[PDB]
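Novice: So that you have it, the file is run.tsv, and it contains TSV, C-alpha atoms:
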```
chain	number	residue	atom	x	y	z
A	1143	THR	CA	0.00	0.00	0.00
A	1144	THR	CA	1.43	3.33	-1.18
A	1145	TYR	CA	-0.15	6.73	-1.67
A	1146	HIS	CA	-2.45	7.34	-4.62
A	1147	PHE	CA	-4.44	10.56	-4.43
A	1148	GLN	CA	-7.51	12.05	-5.96
A	1149	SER	CA	-8.54	15.68	-5.62
A	1150	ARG	CA	-11.61	17.85	-5.96
A	1151	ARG	CA	-12.39	21.54	-5.89
A	1152	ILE	CA	-12.53	23.10	-2.45
A	1153	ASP	CA	-15.95	23.56	-0.80
A	1154	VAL	CA	-15.69	26.38	1.71
A	1155	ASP	CA	-18.88	25.41	3.54
A	1156	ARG	CA	-17.38	22.11	4.63
A	1157	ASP	CA	-13.58	22.38	4.18
A	1158	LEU	CA	-13.12	25.60	6.17
A	1159	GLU	CA	-12.69	23.99	9.59
A	1160	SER	CA	-10.01	21.62	8.28
A	1161	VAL	CA	-8.09	24.22	6.30
A	1162	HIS	CA	-8.12	26.66	9.20
A	1163	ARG	CA	-6.81	23.92	11.50
A	1164	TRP	CA	-4.00	23.06	9.09
A	1165	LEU	CA	-2.97	26.72	8.73
A	1166	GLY	CA	-2.60	26.90	12.52
A	1167	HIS	CA	-0.09	24.10	12.76
A	1168	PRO	CA	3.52	25.28	13.22
A	1169	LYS	CA	4.67	23.19	10.27
A	1170	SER	CA	2.47	25.47	8.07
A	1171	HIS	CA	4.17	28.67	9.21
A	1172	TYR	CA	5.29	29.72	5.70
A	1173	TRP	CA	1.58	30.25	4.84
A	1174	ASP	CA	1.69	33.13	7.36
A	1175	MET	CA	-1.78	32.29	8.73
A	1176	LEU	CA	-0.91	30.78	12.12
A	1177	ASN	CA	-3.20	33.15	14.08
A	1178	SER	CA	-5.92	33.54	11.46
A	1179	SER	CA	-9.62	33.44	12.20
A	1180	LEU	CA	-12.21	31.31	10.42
A	1181	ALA	CA	-13.37	34.42	8.58
A	1182	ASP	CA	-9.79	35.16	7.50
A	1183	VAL	CA	-9.43	31.67	6.02
A	1184	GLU	CA	-12.86	31.92	4.36
A	1185	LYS	CA	-11.64	35.09	2.63
A	1186	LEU	CA	-8.38	33.38	1.60
A	1187	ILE	CA	-10.35	30.55	-0.04
A	1188	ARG	CA	-12.94	32.81	-1.68
A	1189	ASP	CA	-10.23	35.13	-3.04
A	1190	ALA	CA	-8.37	32.11	-4.44
A	1191	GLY	CA	-11.55	31.15	-6.31
A	1192	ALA	CA	-12.36	34.57	-7.74
A	1193	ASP	CA	-10.36	34.58	-10.98
A	1194	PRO	CA	-12.55	34.70	-14.10
A	1195	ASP	CA	-10.92	31.50	-15.41
A	1196	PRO	CA	-12.26	28.25	-13.86
A	1197	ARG	CA	-8.87	26.52	-14.05
A	1198	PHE	CA	-7.69	28.48	-11.00
A	1199	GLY	CA	-8.65	27.92	-7.37
A	1200	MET	CA	-7.99	25.70	-4.42
A	1201	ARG	CA	-8.35	21.91	-4.44
A	1202	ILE	CA	-8.40	19.28	-1.66
A	1203	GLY	CA	-6.57	15.97	-1.99
A	1204	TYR	CA	-7.92	12.67	-0.65
A	1205	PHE	CA	-6.60	9.22	0.23
A	1206	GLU	CA	-8.66	6.44	1.84
A	1207	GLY	CA	-11.56	8.86	2.26
A	1208	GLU	CA	-9.59	11.38	4.31
A	1209	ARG	CA	-8.33	14.85	3.49
A	1210	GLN	CA	-4.58	14.90	2.93
A	1211	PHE	CA	-3.60	18.35	1.61
A	1212	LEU	CA	-4.79	21.53	-0.06
A	1213	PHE	CA	-3.30	22.97	-3.21
A	1214	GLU	CA	-3.89	26.25	-5.01
A	1215	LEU	CA	-3.47	26.68	-8.76
A	1216	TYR	CA	-3.36	30.45	-9.13
A	1217	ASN	CA	-3.17	33.05	-11.87
A	1218	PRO	CA	0.39	34.41	-11.92
A	1219	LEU	CA	-0.89	37.76	-13.25
A	1220	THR	CA	-2.81	38.51	-10.00
A	1221	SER	CA	0.00	37.35	-7.74
A	1222	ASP	CA	3.18	38.83	-6.33
A	1223	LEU	CA	5.02	37.26	-9.28
A	1224	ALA	CA	3.62	39.93	-11.55
A	1225	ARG	CA	4.77	42.90	-9.49
A	1226	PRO	CA	6.94	45.16	-11.72
A	1227	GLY	CA	10.58	44.20	-11.72
A	1228	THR	CA	10.49	40.70	-10.23
A	1229	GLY	CA	12.03	39.20	-13.36
A	1230	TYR	CA	9.09	36.85	-13.95
A	1231	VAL	CA	8.39	36.51	-17.68
A	1232	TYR	CA	4.75	35.49	-18.08
A	1233	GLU	CA	3.89	32.86	-20.69
A	1234	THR	CA	0.39	31.88	-21.75
A	1235	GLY	CA	-0.51	28.74	-19.86
A	1236	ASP	CA	1.58	29.51	-16.78
A	1237	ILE	CA	-0.04	28.42	-13.52
A	1238	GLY	CA	1.22	29.27	-10.04
A	1239	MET	CA	1.10	26.66	-7.29
A	1240	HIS	CA	0.93	26.56	-3.50
A	1241	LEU	CA	0.73	23.44	-1.32
A	1242	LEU	CA	-0.57	23.08	2.25
A	1243	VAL	CA	-0.27	19.64	3.85
A	1244	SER	CA	-2.72	18.57	6.52
A	1245	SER	CA	-1.79	18.83	10.19
A	1246	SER	CA	-1.72	15.03	10.58
A	1247	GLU	CA	1.72	13.79	11.55
A	1248	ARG	CA	1.38	10.07	10.73
A	1249	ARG	CA	2.51	9.39	7.15
A	1250	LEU	CA	3.57	6.46	5.01
A	1251	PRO	CA	6.87	6.70	3.10
A	1252	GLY	CA	7.14	9.26	0.32
A	1253	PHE	CA	4.03	11.28	1.22
A	1254	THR	CA	5.13	14.66	-0.12
A	1255	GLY	CA	6.59	13.19	-3.31
A	1256	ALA	CA	3.29	11.51	-4.10
A	1257	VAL	CA	1.51	14.77	-3.24
A	1258	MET	CA	3.71	16.77	-5.56
A	1259	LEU	CA	3.34	14.30	-8.43
A	1260	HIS	CA	-0.43	14.43	-8.10
A	1261	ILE	CA	-0.48	18.24	-8.02
A	1262	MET	CA	1.78	18.58	-10.98
A	1263	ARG	CA	-0.13	16.05	-13.11
A	1264	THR	CA	-3.31	17.93	-12.20
A	1265	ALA	CA	-1.81	21.28	-13.23
A	1266	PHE	CA	-0.50	20.07	-16.58
A	1267	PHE	CA	-3.11	17.52	-17.63
A	1268	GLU	CA	-6.36	18.70	-16.04
A	1269	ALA	CA	-5.80	22.46	-15.79
A	1270	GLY	CA	-3.91	22.76	-19.08
A	1271	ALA	CA	-0.76	24.39	-17.73
A	1272	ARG	CA	2.28	24.51	-19.97
A	1273	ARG	CA	4.49	25.60	-17.05
A	1274	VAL	CA	4.11	25.75	-13.26
A	1275	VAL	CA	5.63	28.78	-11.53
A	1276	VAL	CA	6.48	29.09	-7.82
A	1277	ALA	CA	8.27	31.69	-5.70
A	1278	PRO	CA	8.65	30.44	-2.11
A	1279	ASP	CA	10.71	32.15	0.54
A	1280	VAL	CA	14.39	31.40	-0.11
A	1281	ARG	CA	14.64	30.08	3.46
A	1282	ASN	CA	11.98	27.41	2.86
A	1283	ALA	CA	14.38	24.58	2.11
A	1284	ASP	CA	11.73	21.86	2.30
A	1285	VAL	CA	9.87	23.38	-0.65
A	1286	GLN	CA	13.10	23.73	-2.62
A	1287	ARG	CA	13.66	20.01	-2.22
A	1288	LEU	CA	10.10	19.18	-3.28
A	1289	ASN	CA	10.48	21.43	-6.32
A	1290	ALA	CA	13.73	19.79	-7.40
A	1291	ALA	CA	12.14	16.35	-6.98
A	1292	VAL	CA	9.71	17.06	-9.83
A	1293	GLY	CA	11.98	19.02	-12.18
A	1294	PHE	CA	11.69	22.69	-11.25
A	1295	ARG	CA	14.62	24.87	-12.21
A	1296	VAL	CA	15.56	27.99	-10.26
A	1297	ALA	CA	15.33	31.17	-12.35
A	1298	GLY	CA	16.52	33.65	-9.73
A	1299	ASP	CA	15.79	35.38	-6.47
A	1300	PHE	CA	13.84	38.60	-6.19
A	1301	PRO	CA	13.05	40.87	-3.25
A	1302	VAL	CA	9.70	41.35	-1.60
A	1303	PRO	CA	9.26	43.52	1.51
A	1304	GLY	CA	11.42	41.96	4.22
A	1305	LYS	CA	11.88	38.66	2.37
A	1306	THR	CA	13.58	37.07	-0.61
A	1307	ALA	CA	11.57	34.87	-2.97
A	1308	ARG	CA	13.15	32.16	-5.14
A	1309	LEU	CA	11.46	32.05	-8.54
A	1310	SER	CA	11.38	28.56	-10.07
A	1311	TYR	CA	9.77	27.13	-13.17
A	1312	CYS	CA	8.68	23.61	-14.17
A	1313	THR	CA	7.81	23.22	-17.83
A	1314	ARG	CA	5.62	20.33	-18.88
A	1315	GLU	CA	8.61	18.92	-20.78
A	1316	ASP	CA	10.97	19.17	-17.83
A	1317	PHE	CA	8.40	17.49	-15.58
A	1318	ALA	CA	7.93	14.62	-18.05
A	1319	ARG	CA	11.68	14.07	-18.38
A	1320	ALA	CA	12.46	14.39	-14.66
A	1321	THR	CA	9.62	12.18	-13.38
A	1322	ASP	CA	8.93	9.75	-16.26
A	1323	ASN	CA	5.63	11.50	-17.05
A	1324	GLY	CA	4.64	11.91	-13.39
A	1325	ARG	CA	5.44	8.40	-12.13
A	1326	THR	CA	8.54	8.87	-9.97
A	1327	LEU	CA	10.78	11.55	-8.53
A	1328	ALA	CA	13.85	12.94	-10.27
```
When written as structure tokens, how does the structure in this file appear?
Specialist:
Amino acid sequence: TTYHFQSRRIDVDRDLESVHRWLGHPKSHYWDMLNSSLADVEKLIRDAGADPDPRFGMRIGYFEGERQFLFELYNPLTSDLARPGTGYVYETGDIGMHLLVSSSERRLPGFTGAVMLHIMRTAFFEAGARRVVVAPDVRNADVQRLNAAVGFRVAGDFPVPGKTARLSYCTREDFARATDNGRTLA
């Protein structure tokens, strides 16, 4: 028995309690929502679903009937990536991605690799992305490792107020080569 995930679109009326709980767990601190209220998390979810294009929004992943993670596929043009001067070069079909794992601590081997493979296959083959774009905090080493595991390449670092973001790209072609079409890690 290994991880195989499915996902669906978020449903704020019934996922809010879970998502808010996950955002309060110290391991989630890079989401910067540790002290958020339910209303704050409701706004986060609703804002993530407000693009005109239905491909964007938050999704919830499942295994054995239980919630496992949240992911956001977002429009790079309404994100910090598109601030003037970041160095991001937008391409049609770019999709930004964020991942939030659940607050559960008991995992089978290779949890986050299976999570990442599922997310990336969803972005490319269900949401039509030609490239996934991310810009985590440079200090978030765990995310750097996850990115490298599925073929992301670092493009550069750029400043945001008080922080440094590390811009990375994963083209559909680099994902396919690195992971054998989404089957295994680089």
Novice: Have a look at atom CA of residue A:1211 and atom CA of residue A:1293 and let me know their distance in Å, one decimal.
Specialist: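 According to the coordinates, atom CA of residue A:1211 and atom CA of residue A:1293 are separated by 20.8 Å.
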Novice: Within 10 Å of residue A:1195, counting all atoms listed in the file, which residues qualify if same-chain residues fewer than 4 places away don't, as a ChimeraX atom specification?
Specialist: /A:1191,1199,1216-1217
Novice: Atom CA of residue A:1238 and atom CA of residue A:1304, how far apart in Å?
Specialist: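 Spanning atom CA of residue A:1304 to atom CA of residue A:1238 is a straight-line distance of 21.6 Å.
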Novice: Excluding residue A:1235 and its own-chain neighbours fewer than 3 positions away, which residues fall within 7 Å of it when counting all atoms listed in the file? Please give them as a ChimeraX atom specification.
Specialist: /A:1270-1273
Novice: Considering all atoms listed in the file, state which residue in the set A:1277, A:1173, A:1151, A:1161 is at the smallest distance from residue A:1230.
Specialist: A:1277
Novice: With only C-alpha atoms as the atoms that count, which of A:1291, A:1242, A:1203, A:1248 lies nearest to residue A:1174?
Specialist: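 Among the listed residues, A:1242 lies closest to residue A:1174.
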Novice: Near residue A:1299, counting only C-alpha atoms, which residues have an atom at most 6 Å away, once you skip same-chain residues fewer than 6 positions from it, shown as a PyMOL selection string?
Specialist: chain A and resi 1307-1309
Novice: Excluding residue A:1306 and its own-chain neighbours fewer than 6 positions away, which residues fall within 7 Å of it when counting only C-alpha atoms? Please give them as a list in words.
Specialist: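 Once the nearby chain positions are removed, what remains is residues 1279, 1280, 1299 and 1300 of chain A.
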Novice: Output C-alpha atoms for every residue in the selection just made, as a short mmCIF file (atom, residue, chain, number, x, y, z; two decimals), keeping the file's coordinate frame.
Specialist:
```cif
data_model
loop_
_atom_site.label_atom_id
_atom_site.label_comp_id
_atom_site.auth_asym_id
_atom_site.auth_seq_id
_atom_site.Cartn_x
_atom_site.Cartn_y
_atom_site.Cartn_z
CA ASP A 1279 10.71 32.15 0.54
CA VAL A 1280 14.39 31.40 -0.11
CA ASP A 1299 15.79 35.38 -6.47
CA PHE A 1300 13.84 38.60 -6.19
#
```
Novice: When you draw a straight line from atom CA of residue A:1190 to atom CA of residue A:1321, how long is it in Å?
Specialist: 28.3 Å
Novice: My list of candidates is A:1285, A:1269, A:1154, A:1223. Which is closest to residue A:1172 when distances are computed with only C-alpha atoms?
Specialist: A:1285
Novice: Residues at most 10 Å from residue A:1262, counting all atoms listed in the file, excluding those fewer than 2 positions away in the same chain, as JSON, numbers by chain?
Specialist: {"A": [1215, 1239, 1256, 1257, 1258, 1259, 1260, 1264, 1265, 1266, 1267, 1268, 1269, 1271, 1273, 1274, 1292, 1312, 1314, 1317, 1324]}
Novice: Go ahead and write the selection's residues with C-alpha atoms as a PDB file, keeping the file's coordinate frame.
Specialist:
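Ended up saving to again-v4.pdb:
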```pdb
ATOM      1  CA  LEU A1215      -3.470  26.680  -8.760  1.00  0.00           C
ATOM      2  CA  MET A1239       1.100  26.660  -7.290  1.00  0.00           C
ATOM      3  CA  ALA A1256       3.290  11.510  -4.100  1.00  0.00           C
ATOM      4  CA  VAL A1257       1.510  14.770  -3.240  1.00  0.00           C
ATOM      5  CA  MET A1258       3.710  16.770  -5.560  1.00  0.00           C
ATOM      6  CA  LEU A1259       3.340  14.300  -8.430  1.00  0.00           C
ATOM      7  CA  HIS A1260      -0.430  14.430  -8.100  1.00  0.00           C
ATOM      8  CA  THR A1264      -3.310  17.930 -12.200  1.00  0.00           C
ATOM      9  CA  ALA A1265      -1.810  21.280 -13.230  1.00  0.00           C
ATOM     10  CA  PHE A1266      -0.500  20.070 -16.580  1.00  0.00           C
ATOM     11  CA  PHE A1267      -3.110  17.520 -17.630  1.00  0.00           C
ATOM     12  CA  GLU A1268      -6.360  18.700 -16.040  1.00  0.00           C
ATOM     13  CA  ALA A1269      -5.800  22.460 -15.790  1.00  0.00           C
ATOM     14  CA  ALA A1271      -0.760  24.390 -17.730  1.00  0.00           C
ATOM     15  CA  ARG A1273       4.490  25.600 -17.050  1.00  0.00           C
ATOM     16  CA  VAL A1274       4.110  25.750 -13.260  1.00  0.00           C
ATOM     17  CA  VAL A1292       9.710  17.060  -9.830  1.00  0.00           C
ATOM     18  CA  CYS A1312       8.680  23.610 -14.170  1.00  0.00           C
ATOM     19  CA  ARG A1314       5.620  20.330 -18.880  1.00  0.00           C
ATOM     20  CA  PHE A1317       8.400  17.490 -15.580  1.00  0.00           C
ATOM     21  CA  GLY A1324       4.640  11.910 -13.390  1.00  0.00           C
TER      22      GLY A1324
END
```
Novice: Check the smallest atom-to-atom distance from each of A:1160, A:1210, A:1254, A:1313 to residue A:1276 using only C-alpha atoms, then report the winner.
Specialist: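 Result for the nearest residue to residue A:1276: A:1313.
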Novice: For stretch 1269-1279 of chain A, take all atoms listed in the file, fit an axis-aligned box around them, add 5 Å to each of the six sides, then output centre and edge lengths in Å rounded to one decimal, as AutoDock Vina command-line options.
Specialist:
```
--center_x 2.5 --center_y 27.3 --center_z -9.7 --size_x 26.5 --size_y 19.7 --size_z 30.5
```
Novice: Would you please work out which residue, of A:1255, A:1298, A:1278, A:1218, is nearest to residue A:1232 when using all atoms listed in the file?
Specialist: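 Closest to residue A:1232, using all atoms listed in the file: A:1218.
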Novice: Pick from A:1159, A:1208, A:1219, A:1168: nearest to residue A:1193, with all atoms listed in the file counted?
Specialist: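 Counting all atoms listed in the file, the residue closest to residue A:1193 is A:1219.
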Novice: Around the point (-11.7, 12.2, -5.5), in the coordinates given by the file, pick out the residues reaching within 12 Å, counting only C-alpha atoms, and return them as a PDB file with C-alpha atoms, keeping the file's coordinate frame.
Specialist:
```pdb
ATOM      1  CA  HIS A1146      -2.450   7.340  -4.620  1.00  0.00           C
ATOM      2  CA  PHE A1147      -4.440  10.560  -4.430  1.00  0.00           C
ATOM      3  CA  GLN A1148      -7.510  12.050  -5.960  1.00  0.00           C
ATOM      4  CA  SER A1149      -8.540  15.680  -5.620  1.00  0.00           C
ATOM      5  CA  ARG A1150     -11.610  17.850  -5.960  1.00  0.00           C
ATOM      6  CA  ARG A1151     -12.390  21.540  -5.890  1.00  0.00           C
ATOM      7  CA  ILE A1152     -12.530  23.100  -2.450  1.00  0.00           C
ATOM      8  CA  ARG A1201      -8.350  21.910  -4.440  1.00  0.00           C
ATOM      9  CA  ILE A1202      -8.400  19.280  -1.660  1.00  0.00           C
ATOM     10  CA  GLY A1203      -6.570  15.970  -1.990  1.00  0.00           C
ATOM     11  CA  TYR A1204      -7.920  12.670  -0.650  1.00  0.00           C
ATOM     12  CA  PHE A1205      -6.600   9.220   0.230  1.00  0.00           C
ATOM     13  CA  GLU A1206      -8.660   6.440   1.840  1.00  0.00           C
ATOM     14  CA  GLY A1207     -11.560   8.860   2.260  1.00  0.00           C
ATOM     15  CA  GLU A1208      -9.590  11.380   4.310  1.00  0.00           C
ATOM     16  CA  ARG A1209      -8.330  14.850   3.490  1.00  0.00           C
ATOM     17  CA  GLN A1210      -4.580  14.900   2.930  1.00  0.00           C
ATOM     18  CA  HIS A1260      -0.430  14.430  -8.100  1.00  0.00           C
TER      19      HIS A1260
END
```
